[PDB]
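These notes are about the structure you will find just below.
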Amino acid sequence: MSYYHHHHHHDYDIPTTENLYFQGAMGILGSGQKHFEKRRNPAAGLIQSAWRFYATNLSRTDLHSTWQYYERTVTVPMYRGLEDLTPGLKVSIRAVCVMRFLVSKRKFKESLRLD
Amino acid sequence: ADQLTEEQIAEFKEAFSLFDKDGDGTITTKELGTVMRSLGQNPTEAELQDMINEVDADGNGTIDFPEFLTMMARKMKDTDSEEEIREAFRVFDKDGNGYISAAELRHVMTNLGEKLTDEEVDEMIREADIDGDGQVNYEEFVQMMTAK
Ligand SMILES: [Ca+2]
Ligand SMILES: [Ca+2]
């Protein structure tokens, strides 16, 4: 349906012949499409799940809930119950990062080995 | 090594209790996805099934509390699983001095796996004593991260 056409003209356009050649066997950067290629996604997941496991701080909101408790203290009235069921996001991140990491180890092992 | 002291059981207890709804005592896939969905990041239904396959060897499909505690705790903080982490870098390093350049490191971190935004990529640099050229020694970075 769709084709590519080119124009050739003149004589002796490039007389010099110092074209580069390979005189030996050395490693070349590459991705083997059938298998090696499919390890890019798990390796990145394994590395970045591990980083979360270390992390004490992240760009995400930890301290915002503590600032809402300070607004509670400024009001003169006192409530026995205090905040109810405050969602623990930093604890939640700790719970899911280890699961993601353990799964990532299996995915790295089932992308090291492929069909 | 399941705890150093019994204080850590409280951290594990409320981590479980965020997931469990109404005191049925075990975490099912609906409960597991629900907490993440309420926070605002929702894994695929396929990912949730993949996650509760690798965890929970009893193989019933609901996560038990000591199994969850065992998964959370294991051996405490350690230089854990090094061959798996270390060789993962070695598939994709720049050159035979053992490093990854910052521009490629941001591009892989942003577009693969867990998909970072740029500031948290800079935070990875900020925990290592790096000056000038911006070339990351992955083997050393793993030692710093998994220090004990
Ligand atoms: Ca439940
Ligand atoms: Ca179970």
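Residue numbers (this note's numbering), protein chains in the order written: chain B, 1033 to 1147; chain X, 87 to 234.
Even for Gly, the Cβ is constructed at its ideal location relative to N, Cα and C.
Does any residue of chain B have a CB that is nearer than 9 Å to the CB of residue i?
{"i": "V222/X", "result": "no"}
{"i": "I171/X", "result": "yes"}
{"i": "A87/X", "result": "no"}
{"i": "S124/X", "result": "yes"}
{"i": "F151/X", "result": "no"}
{"i": "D219/X", "result": "no"}
{"i": "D136/X", "result": "yes"}
Looking at chain X, is there any beta carbon in it that lies within less than 9 Å of the beta carbon of residue i?
{"i": "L1121/B", "result": "yes"}
{"i": "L1095/B", "result": "no"}
{"i": "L1090/B", "result": "yes"}
{"i": "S1034/B", "result": "no"}
{"i": "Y1053/B", "result": "no"}
{"i": "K1137/B", "result": "yes"}
{"i": "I1079/B", "result": "yes"}
{"i": "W1099/B", "result": "no"}
{"i": "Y1086/B", "result": "yes"}
{"i": "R1112/B", "result": "no"}
{"i": "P1047/B", "result": "no"}
{"i": "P1109/B", "result": "no"}
{"i": "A1057/B", "result": "no"}
{"i": "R1145/B", "result": "no"}
{"i": "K1070/B", "result": "no"}
Please classify residue i as buried or exposed, where buried requires at least 16 neighbouring CB atoms within 10 angstroms.
{"i": "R1071/B", "result": "buried"}
{"i": "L1095/B", "result": "exposed"}
{"i": "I138/X", "result": "buried"}
{"i": "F175/X", "result": "buried"}
{"i": "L1146/B", "result": "exposed"}
{"i": "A143/X", "result": "exposed"}
{"i": "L1061/B", "result": "exposed"}
{"i": "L1117/B", "result": "exposed"}
{"i": "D219/X", "result": "exposed"}
{"i": "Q1080/B", "result": "buried"}
{"i": "residue 290/X", "result": "This structure does not reach residue 290/X, given that chain X is present from 87 up to 234, and the question cannot be answered."}
{"i": "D208/X", "result": "exposed"}
{"i": "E190/X", "result": "exposed"}
{"i": "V121/X", "result": "buried"}
Rounded to a whole number of angstroms, what is the C-alpha to C-alpha distance between residue i and residue j?
{"i": "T112/X", "j": "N146/X", "result": "11 Å"}
{"i": "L104/X", "j": "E225/X", "result": "36 Å"}
{"i": "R1104/B", "j": "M1110/B", "result": "9 Å"}
{"i": "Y1044/B", "j": "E173/X", "result": "52 Å"}
{"i": "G1077/B", "j": "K116/X", "result": "24 Å"}
{"i": "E1115/B", "j": "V1128/B", "result": "24 Å"}
{"i": "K1141/B", "j": "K163/X", "result": "23 Å"}
{"i": "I149/X", "j": "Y185/X", "result": "40 Å"}
{"i": "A214/X", "j": "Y1101/B", "result": "35 Å"}
{"i": "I95/X", "j": "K180/X", "result": "43 Å"}
{"i": "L134/X", "j": "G119/X", "result": "7 Å"}
{"i": "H1039/B", "j": "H1067/B", "result": "40 Å"}
{"i": "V222/X", "j": "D166/X", "result": "20 Å"}
{"i": "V1108/B", "j": "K234/X", "result": "47 Å"}
{"i": "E93/X", "j": "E1069/B", "result": "45 Å"}
{"i": "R192/X", "j": "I216/X", "result": "16 Å"}
{"i": "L90/X", "j": "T130/X", "result": "35 Å"}
{"i": "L202/X", "j": "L1052/B", "result": "41 Å"}
{"i": "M210/X", "j": "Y1086/B", "result": "11 Å"}
{"i": "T1098/B", "j": "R1092/B", "result": "14 Å"}
Next item on the list: Taking only runs that begin and end inside the region 98 to 152 of chain X, name each unbroken beta strand (DSSP E) of 3 or more residues, in chain order.
Entry: Taking only runs of at least 3 residues, no beta strand (DSSP E) segment lies wholly in the region 98 to 152 of chain X.
Note to self: What ranges does the beta strand (DSSP E) occupy inside the region 166 to 196 of chain X, keeping only unbroken runs of at least 3 residues that lie completely in it?
What the structure shows: List check, beta strand (DSSP E) in window: nothing returned.
Note to self: Considering only heavy atoms of ligand 1 and the C-beta of each residue, which residues fall inside 6 Å, strictly closer?
What the structure shows: Here the list is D106/X, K107/X, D110/X, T112/X, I113/X, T114/X, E117/X.
Check: Closer than 6 Å from C-beta to any heavy atom of ligand 2: which residues, in chain order?
Finding: Going by the Cβ distance cut-off, the answer is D142/X, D144/X, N146/X, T148/X, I149/X, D150/X.
Notebook entry, point to check: Can you list the alpha helix (DSSP H) stretches of 4 or more residues lying completely in the region 1086 to 1114 of chain B, in chain order?
Noted result: For the region 1086 to 1114 of chain B, whole alpha helix (DSSP H) runs of length 4 or above, ordered along the chain, are 1096 to 1106.
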